[PDB]
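Alright, here's a single protein chain in two forms, structure 1 and structure 2, each given by itself as C-alpha cells.
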Structure 1
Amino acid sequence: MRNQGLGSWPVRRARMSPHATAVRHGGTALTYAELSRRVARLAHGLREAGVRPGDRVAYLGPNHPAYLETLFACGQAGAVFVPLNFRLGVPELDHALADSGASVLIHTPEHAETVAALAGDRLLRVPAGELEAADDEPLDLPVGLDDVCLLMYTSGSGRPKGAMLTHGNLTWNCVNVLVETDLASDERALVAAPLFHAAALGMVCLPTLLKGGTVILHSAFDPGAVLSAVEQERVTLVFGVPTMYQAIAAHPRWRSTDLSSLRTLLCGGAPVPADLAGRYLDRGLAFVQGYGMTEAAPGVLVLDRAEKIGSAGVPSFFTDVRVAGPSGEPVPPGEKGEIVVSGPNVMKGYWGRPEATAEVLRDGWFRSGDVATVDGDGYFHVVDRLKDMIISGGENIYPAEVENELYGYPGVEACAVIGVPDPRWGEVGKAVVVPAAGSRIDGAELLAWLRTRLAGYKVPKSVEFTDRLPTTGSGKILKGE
C-alpha cells in the first residue's frame, strides 16, 4: 500500500472488521466497510473538485461523521485537513483560511450564513455531502509518515499558528495511547469534546477506530444527554476536561444513571480537584489524567489510577520529557524549569512560520511554555504558563499558585492574578475576581486572608471586582485589569 497515512486507515480497518460499527451520530450508524466506501466517494469528489497532493481542505462543523469523512478523504487524496474552530467569528475564520491557504471549505448547514460571509476568493465553499462522487474505489496515492496530515491552529493567546501534525505524529500518538491505556475491540467511546482539538481526536477517536471500536459523536456537550448515552449505549471510554466531568456529576440524573459500563475516563486540561475525584470514586470511577498540547498530537505525560495529587505524571512510552533551564541545560533536582518534549508525536512545525518554529522547536525538542518540577520518582508537576510569570522585586510570582489559594475564599466564582507596573518593584500582582451568587466579598478581608496563605512578595497589592472575566484569557484581563 502506497498510502502510509490516515487516508489508508478506513481501508486497513475494513479488511479486519468490515461489519463492526465504526461511528454513531443521532440516527446514523456506519460500519467500517461503509465508512471506507464513503471516504473513497469523498476522496474522488475532492479530486474532481480540483484537490491535488498538498492542497488544504477545511471543515467547519461540529463533531459529525462529516468531520471523519473529510479527515480520511483528505489523506486519501494526499491533501492536508484543516479542522476549523467552529466558534470563531468571520474575521478569525478568514485569518485561518488565508494562513492555511485552504482551497476547499466543507461545512454543515448551521454555518451556511457564516460561510456566505467569508472572503470566498479562490475558496470552494460547499455543504457536507455535495462533493461525494458515486465511485467508491479507494485511491492509493504515495503518502509518507513525515507528510503533513492536518493543521491545528493554536489559541494565539499573537496570530494563531498552524501546528503541522504529520501522519506519523498522529499515528505514534495512537501507539502511545494503546501502550499506556487498555482499549479493546469492543470499546464504545463517547466524543462530547471537540474533534477540532487534538485531545478528543488523538486520545479517544483515532485510537478507538484503530482498535475497531465504536466512536459515538455528540455535536454538543450536554451533561444530561452524556449520562443517558453512558447507560443506553453502554459507553466504555470518555474524554473530558474537569469542567465537563463537573457538569456531568452536578446533573440531577447523576445519582440514578447506570455508570457500570465505564472502563476508562480520560481527563485532559487542569488537574482534577480532590472533591470531583471523590464524587467519581464514590461510583467506582477514577480518572486517567493526561498532560499534553497540540504540538505533541497531543499526548506527553500520563498519571494513571496509581497516588500523587497535583502531579501531571510520567512520559508516554515513545516520548522523552525533561524540565530544562532557559539554555536547555537540565535543572537541579526539584528546581523549576520549562517542560521540553521530544518524540515521533512532536509536530513538524508551524505552517509557514519557520522563525516562530525555531524559537520553540530545535533538535526535535518542543518548548511547552510550561514551568514545572520533577520529583525523585520522575513525576512532573506543572507550576504555570511561563508567559504569565510576574517579576516583582528580583523574585518570580506564578499567578496560578496565587489563583489556587484565591479559589479557597468564599464567594470567588472566577479569579485571575496579573502583573501591573510598580515604580519600586518593576511589577506587583493585582487580583481580579468575579463574586458568586449574592456574596458580600470585602477586598481588604480577601487580601488579608490571602496574606496568611502565601509568602509576602506573592500577595497581590490590590483586588478589583467584575461580573465577567474574559473566559480564562489572561492578556485580555491585562487590558481591562
Structure 2
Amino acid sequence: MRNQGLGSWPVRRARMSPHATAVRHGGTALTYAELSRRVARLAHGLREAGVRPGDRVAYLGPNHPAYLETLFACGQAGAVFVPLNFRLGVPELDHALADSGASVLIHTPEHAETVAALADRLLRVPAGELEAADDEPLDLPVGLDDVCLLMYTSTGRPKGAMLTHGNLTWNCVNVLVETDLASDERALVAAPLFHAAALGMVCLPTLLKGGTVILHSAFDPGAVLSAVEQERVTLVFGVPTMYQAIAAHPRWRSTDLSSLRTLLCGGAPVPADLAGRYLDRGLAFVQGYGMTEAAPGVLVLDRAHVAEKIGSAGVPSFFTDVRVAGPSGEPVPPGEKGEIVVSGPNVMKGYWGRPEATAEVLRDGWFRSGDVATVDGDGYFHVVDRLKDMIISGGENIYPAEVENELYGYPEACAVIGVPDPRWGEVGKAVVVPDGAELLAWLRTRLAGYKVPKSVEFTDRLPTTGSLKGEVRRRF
C-alpha cells in the first residue's frame, strides 16, 4: 500500500471491522465501510475539481462527519487538510486561506454567507457537492514525513503548524500506549476537531481502535449529560471549563454515568475543586499537557496520581522526550525553573512558510513550548507560567501566575503585568476587578518582596473572552 498516511486509514479499518459503527451525528451513523466508500468518493471528487499532491483543502464547519471525510479524502488525494477555526471573523479566515494557499474551501450550509464574503482563485463548494462517482480508494504514494494538515496557532499573526501523517500517527500510538481503549469504545467529541486535542487525543485513536466517535456540532452540558446515558459513552475529552459546565448543570446528580471508563482533560490544569467533584462521583480525570506543535500529546498525569500530584502536568508520553532547559539550552538542576522543550516523532515539521520563526523555536528535533516549569524528584513536571509573561525586576524573574495565584486567595479576577521603572527596569502592577484598599501588605506576608507588585489598579471588567489576555498590557 503506497499511501502510508491518514488517507489510508478508512481502507485499513474497513478490512478489519467493516460493519462496526465509526461515526454518530444526529441520525447519521457511518460504519467503517460506509466511511471508506464516502472518503474514496470525495478523494476522486477533489482530483476531478483539480486537487493534486501537496494542494491545500480547507474545511469551514463544526464537528460533523464532513470534517473526517474531508480529512481522510485530502490524505487519499495526497493533499494537505486545513481545518479552519469556525469562530473567526472574515479578515481572519482570509488570512488563514491566503497563508495556507487553500485551492478548495469545503463548508457547511450555516457558513454559506461568510464563505461568499471571502477574498477569488479559491473553489468554495458546500459539503456533499464535490463528492464524485468512483468509490474505489486511490492509493497515491504518501510517506509519514508528508504534511497531513496545517493547524493555525493563535504575539504575531497565526502560523500554520505542519503536522505530518507521522506526527498524528505517533501521537495516536502515544495515546494507545498510556491509555486503555478497546474495540467497543464510544467516544463523545464536543470539543472542536479543529484543535489538535479532540482530533489527536480522542477522535483518531478511537477510529484506529475500531470504536465509535459521537460528534456534537456544539457544546451543551445538557446534551453531553443526555448523550452519556442515552449513548452509553465510555470516553470523553474536554477542557476544565467543559467539565465545570457539565458538573454545574441541574441533571449532574440525576444522570447515569456508569458507562464512562476514561475522562480525558487537557488545555489547562484541572482546578483541585473540579477534580474533587468528579472524584466524589466516582470519576477520575486523566490530565494531558500538550500543544499544537506536538500533535499534541507531551505529558500525561494518570488517574492513579491525579490526587497525589495536584496540578502536576505529569510525565512524558512513551515515544516523546521532555526536559526543562535554560536559555543555555542545557537541562537545569532538578527543582530549578526552565523552559519545557519537547522532542519526538509527534513533533511538527515546522510553521508553513515561516522557516526563521521555526528556527527560533525548533532545533535538533527540540521544540520550545514557551512554558516555564520545574521537574520534581519523581520526574513530574509543574507548569509555572508562560515565558512571554515573565517580569524582570532588578535582574530577578517574576512569574505573574504565581503572584496572581496569591491575589485569588484575597476576598474575582486579576492580572499582574510588567511596567517600566527608572532603576529596576521593570516592576509588578496588579490589575484587579472586585471592596479595595492597599493590601499589597497581604501579598508581602505571602511572597518574596521583589515579587510583590509596587502598584494596584482596580477596574470593572478585564479582557476575559479567552474562555485572561495579555492585552491588559495595552491598559498598563
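Please note that residue numbering is based on structure 1, beginning with 1 at the start of its sequence. For the two forms, the rigid core is made up of the largest set of C-alpha atoms that agree within 1.5 Å on superposition.
Pick out the one residue among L30, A66, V51, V428 whose C-alpha shifts by 2 Å or more between structure 1 and structure 2, once the rigid core is superposed.
Of all the options, the C-alpha that shifts by at least 2 Å belongs to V428.
Can we say the CA of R12 moves by at least 2 Å between structure 1 and structure 2 when the core is superposed?
It does not reach a 2 Å shift.
Any chance the CA of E405 moves 2 angstroms or more between structure 1 and structure 2, core superposed?
Yes; that C-alpha moves by at least 2 Å between structure 1 and structure 2.
Core superposition between structure 1 and structure 2, C-alpha change of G394 at least 2 Å:
Yes, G394 moves 2 Å or more.
Report, in Å with one decimal, the C-alpha displacement of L454 between structure 1 and structure 2 after core superposition.
Superposing on the rigid core gives a C-alpha shift of 2.6 Å for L454.
Could the core-superposed CA displacement of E329 between structure 1 and structure 2 be given in angstrom, to one decimal?
Core-aligned C-alpha shift comes out at 1.1 Å.
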